[PDB]
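Right, one structure below, let's go through it.
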Amino acid sequence: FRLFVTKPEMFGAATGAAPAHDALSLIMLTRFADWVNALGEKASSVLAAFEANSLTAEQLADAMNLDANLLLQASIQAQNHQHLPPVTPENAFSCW
Amino acid sequence: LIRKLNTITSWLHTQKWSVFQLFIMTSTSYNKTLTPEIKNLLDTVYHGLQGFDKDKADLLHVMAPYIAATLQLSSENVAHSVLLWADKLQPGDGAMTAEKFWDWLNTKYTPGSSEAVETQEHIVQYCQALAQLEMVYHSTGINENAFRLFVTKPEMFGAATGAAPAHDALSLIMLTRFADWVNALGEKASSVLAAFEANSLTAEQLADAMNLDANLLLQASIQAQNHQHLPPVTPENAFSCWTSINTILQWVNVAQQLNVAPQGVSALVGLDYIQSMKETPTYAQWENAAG
Amino acid sequence: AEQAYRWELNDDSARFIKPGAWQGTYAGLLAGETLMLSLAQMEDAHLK
Amino acid sequence: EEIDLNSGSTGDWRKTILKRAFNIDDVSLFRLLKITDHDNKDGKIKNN
Amino acid sequence: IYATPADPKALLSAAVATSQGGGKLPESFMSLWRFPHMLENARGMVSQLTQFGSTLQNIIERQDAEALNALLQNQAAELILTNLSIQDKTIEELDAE
Amino acid sequence: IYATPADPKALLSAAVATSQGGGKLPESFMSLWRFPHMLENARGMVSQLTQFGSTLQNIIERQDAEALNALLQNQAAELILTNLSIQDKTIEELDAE
Amino acid sequence: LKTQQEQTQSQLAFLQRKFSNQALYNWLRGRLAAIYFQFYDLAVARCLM
C-alpha cells in the first residue's frame, strides 16, 4: 500500500500525477491484493523482487506454480502485439 | 523409476501434500532475494552476536536462539540442529557455513540499508535454506532429539556415513515413517529412542515396546540376518541401525499377515524359482510349505 | 554512564553500550531490558 | 512321537496339526507350551 | 449429460513482514557525575523504560483482542441474516406441503 | 458374504523429554567491597534476574497460546472445505429427488 | 457456508497480520532468553563476589 502511494507509477498511473482514487483504481488495488494472496507464501519474496526490477518471469513461475516457459512465452506474446499500455522487456515485470 | 514414482505418489496422496509442497522442501533451488523476513533474521543475528569469541563458546550454539527467533515456532535445540544440517549441506551458489555466514554479517552488513554486497544473494539462499530444513522437522514431526540424532549421525538411518544427511523424498518419507513408528511405541518411546542412542536397544526390549512376543522379534532378526539384503543385517547392527530394524519389522508384518511364523516365511522365499535352480525343492517340501 | 566509566579508568576505547536495543519492526519492546544487560555488563567490567 | 514346539523351529506335520487345531503360529504356540510346562527346557512333546 | 460442480477451492492468505532497522547510536555525553551515581541514574531510567515497555505491550495485545472481538460480532451478525432468510424459505416449504 | 469394516483405530502421540545439564559454577572474584554492600548489590542484580524470569515465562506461555490459536484457525479452515463439498452433494441429492 | 469460509479465512488472515504475531513472540522469547542467560552469568558473578 505504501509502495502504491509512493510510486503510483508502478500501478500504471500518469507518473506525474497523484495515486488514483477512482472506482477503476479501487478495483485495480483489489485484484492486486487477491493476486498477492494467490501468491500466498512466496508473496514476501515476490513483492521484494517487485521493489527492484528484480522481478522476472521464470521466477514468478516458481511463485505461481506455472511453467517458466509459459510465462516467458507469454511475455513474448504480450510484447509483440500492441497494447494500450505497451509491453517491452524493460517494463514487462516491473510495472504491474 | 516406476517403483519410485509409485511409492512417493502414493505417499503424498496418503499424507495430503501436493507435489509442490514436497518440492519446496526436497529441492536445492533457493530463490535469492532480500525478503523482509530474511532482513529481520540478519538484523537479529547481527545485533545478537556483536561480540563473539571463537574460544569462549561454539558459534552455532550462541547463534542458535537468534535464528530461532526469526523462524516461525522453532525451539533452540531445533535451531541448532538446523545449523548443523546447514553447515553439512553448504546451501548457496557459494557454499555456506555458519562461519562464512557470520563473516559476511560482521564484515559487510548494515541494518536498515537497502543496498548491499551481491554476496548477499548466496547468503539469502542460506536463510531460506534454514527455513526449509525447519519445515522438514515440523513437516515430518520427528522427535526433537531424534531430529538432532538424524542431522548429527545420519549414519544410523542407513546413510553413506561419509555424507551429509539426506534431503530426499525417500529420506523425508523415511523420517515420517520413523516418527510414526516412535509414536506407535507411545509412552515407551523415550526409553526406546534412548536405548537406540547407545547399543542398548535390543529385541525383547523393543518387544516390550510394541506389545509383541519377544521371540517373534528375535526370530525376525535371525531370519533377516540369514537372508541377504541390499543393506545386509548383522547381529551387531540389527538394532543399532534403523534400516535393519525396518527390515526385521517388515519380516514381522509379512509373517503376521500370512498368520505364520518367520519360519514359514523362510520356506516361502525359499520357493523362489531362480534361487532354487541350484537345489530343486522337494515335492514333499512344497507340501510342507502348503501345510 | 559509559562516558564516566571511560573516565574512571584511563581507557577511552571502552565500548559497552552498542546499538541497538530498540528495533524498528516490533514496538521496540525489549529495548529496556537489553539496555539493562549493557549496564549490568559495564558494572561487571568496572568492578573487576 | 516327539514334536518340536520350539519357537524358532520348523517341525513335523504334527506341529502343523497342532497349529490348525489351535489356529496359532509357531511363536504363540511356544508361549502356550511354556504355560503348559515351565520345566520343559527344550521344545519336545510326548504326543500323548 | 449431468453437470457436476467439481470441488470447492480453498482460500489463501499472505504472510508478509515489515523490516525496519536503525543506525543508530547518538553521540555520548560527558557527565559531571561520578560513575556510580550515573550508573544508578541510568539504571533508574532503564527500569522506567522497561516498565513503559511491558505497559505498551499489554496495551497492544489488548488492542488486538478487542479488534478480533469486533470482527467476530460483525461477521456473526452477518450470518444471522442469511439464516433468517433460510427460515423464510422453510415456512414457505411448509405452505407448499 | 457381507464384508464388515471393523472397529476404527485409536491414535497414539509421543511423550518425549529434553535433558540438559551444566557445569557450571564460574570462578569467583574478590571484590574490593565490604560484605553488606556486595550483598545488597548481588541482591539488586538477582531481583533483576527474577524479573527477566517472570517476563520470559509470560512470553513463552503467550507464544504457545498464539501457536494454539493459529493451529485452530488452520484446522477449522480445512474442515469447512469438506463440509462445503458435502453441501454440494446433498443439493445433488435434491436434484436426484 | 461459502460466506463462512470467507469468514474463517478472514479471521485467519487477521492472525497473520495482527500486530501480535507468531513471529513477534518468537523473536521476543528468543532475544529475551539470550539476554536472560547472559544476565544470569553476570548476576551469579555478583553473588560469588
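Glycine also receives a Cβ, built like all others from the backbone with ideal geometry; neighbour counts cover every protein chain displayed. Read the figures in this text as sums done on the coordinates, not as results from a lab.
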(request) Determine which member of the set B:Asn106, B:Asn77 is within 9 Å of another protein chain (Cβ to nearest Cβ) and in a helix (DSSP H, G or I). (result) B:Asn77
(request) Would you point out the residue of segment B:271-291, among those that are more than 17 Å from B:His227 (Cα to Cα) and among the small types (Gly, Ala, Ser), that is surrounded by the most Cβ atoms within 10 Å (Cβ to Cβ)? (result) B:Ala289
(message) Quick check on A:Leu55: is it within 12 Å of the chain's Cα centre (by Cα), within 21 Å of E:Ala15 (Cα to Cα) and not in a helix (DSSP H, G or I)?
(response) yes
(request) Check segment F:73-87 and report whether any residue there is surrounded by 15 or more Cβ atoms within 10 Å (Cβ to Cβ) and farther than 30 Å from E:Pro5 by Cα. (result) no
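So, in segment B:140-167, of the ones that are of a type in the set (S, T, N, Q) and surrounded by fewer than 18 Cβ atoms within 10 Å (Cβ to Cβ), which residue ends up nearest to B:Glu76 (Cα to Cα)?
B:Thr152
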(message) Being crowded, with 16+ Cβ neighbours inside 10 Å, farther than 16 Å from B:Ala289 by Cβ and more than 10 Å from every other protein chain (Cβ to nearest Cβ) narrows it down to one residue among D:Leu29, D:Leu33; which is it?
(response) D:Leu33
(message) Given the options F:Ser47, F:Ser31, F:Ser54, name the one that is part of a helix (DSSP H, G or I) and surrounded by 10 or more Cβ atoms within 10 Å (Cβ to Cβ).
(response) F:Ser47
(message) Looking at the structure I just gave you, is B:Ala203 closer than 23 Å to D:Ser9 by Cβ, within 14 Å of chain D (Cβ to nearest Cβ) and not in a helix (DSSP H, G or I)?
(response) yes
(request) Scan (1) at the interface with chain C (Cβ under 10 Å from one of its Cβ atoms); (2) surrounded by fewer than 12 Cβ atoms within 10 Å (Cβ to Cβ) for the single condition E:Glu92 breaks and write down its number. (result) (1)
(message) For segment C:1-23, which positions are at the interface with chain E (Cβ under 8 Å from one of its Cβ atoms) and either surrounded by fewer than 17 Cβ atoms within 10 Å (Cβ to Cβ) or under 16 Å from E:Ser31 (Cβ atoms) (or both)?
(response) C:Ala1, C:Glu2, C:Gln3, C:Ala4, C:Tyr5, C:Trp7, C:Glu8, C:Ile17, C:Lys18, C:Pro19
(message) Quick test for you: out of A:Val36, A:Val5, pick the one residue that is in contact (Cβ under 8 Å) with a residue 12 or more places away in the chain, within 27 Å of B:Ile38 (Cβ to Cβ) and part of a helix (DSSP H, G or I).
(response) A:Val5
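Quick one: in segment F:58-73, which of the residues that are more than 7 Å from chain G (Cβ to nearest Cβ) and either more than 12 Å from the chain's Cα centre (by Cα) or not in a helix (DSSP H, G or I) (or both) is nearest to G:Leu1 (Cα to Cα)?
F:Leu72
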(request) Could you list all residues from segment B:237-269 that are closer than 16 Å to B:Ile222 by Cβ, free of Cβ contacts under 8 Å to residues at least 12 places away in the same chain and in a helix (DSSP H, G or I)? (result) B:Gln250, B:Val254
(message) Could you tell me how many of the residues in segment A:33-42 are within 17 Å of A:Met10 (Cα to Cα) and at the interface with chain E (Cβ under 7 Å from one of its Cβ atoms)?
(response) 1
(request) Scan segment G:17-49 for residues that are more than 11 Å from chain B (Cβ to nearest Cβ), surrounded by 16 or more Cβ atoms within 10 Å (Cβ to Cβ) and more than 22 Å from C:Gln41 (Cβ to Cβ) and report the count. (result) 2
(request) Tell me, yes or no, whether segment C:27-39 has at least one residue that is closer than 18 Å to E:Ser28 by Cβ, touching a residue at least 24 places away in the same chain (Cβ under 8 Å) and within 7 Å of another protein chain (Cβ to nearest Cβ). (result) yes
(message) Can you tell me which of (1) without any contact (Cβ under 8 Å) to a residue 12 or more places away in the chain; (2) among the charged types (D, E, K, R); (3) facing chain E (nearest Cβ under 7 Å) is the one C:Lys48 doesn't meet?
(response) (3)
(request) Tell me which residues, restricted to chain G, are within 20 Å of F:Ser54 (Cα to Cα), hydrophobic (A, V, I, L, M, F, W, C) and under 22 Å from the mean Cα position of the chain (by Cα). (result) G:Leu24, G:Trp27, G:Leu28, G:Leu32, G:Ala33, G:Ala34, G:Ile35, G:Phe37, G:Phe39
(message) If I filter segment A:49-60 for residues that are more than 21 Å from B:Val124 (Cα to Cα) and out of contact with any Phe, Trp or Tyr (no Cβ under 6 Å at 6 or more places or on another chain), do I get at least one hit?
(response) no
(message) Can you say whether F:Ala42 is free of Cβ contacts under 8 Å to residues at least 24 places away in the same chain and closer than 27 Å to E:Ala10 by Cα, as far as the supplied structure shows?
(response) no
(request) Report the residue count in segment D:18-33 for those that are within 19 Å of D:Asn48 (Cβ to Cβ) and within 10 Å of the chain's Cα centre (by Cα). (result) 5
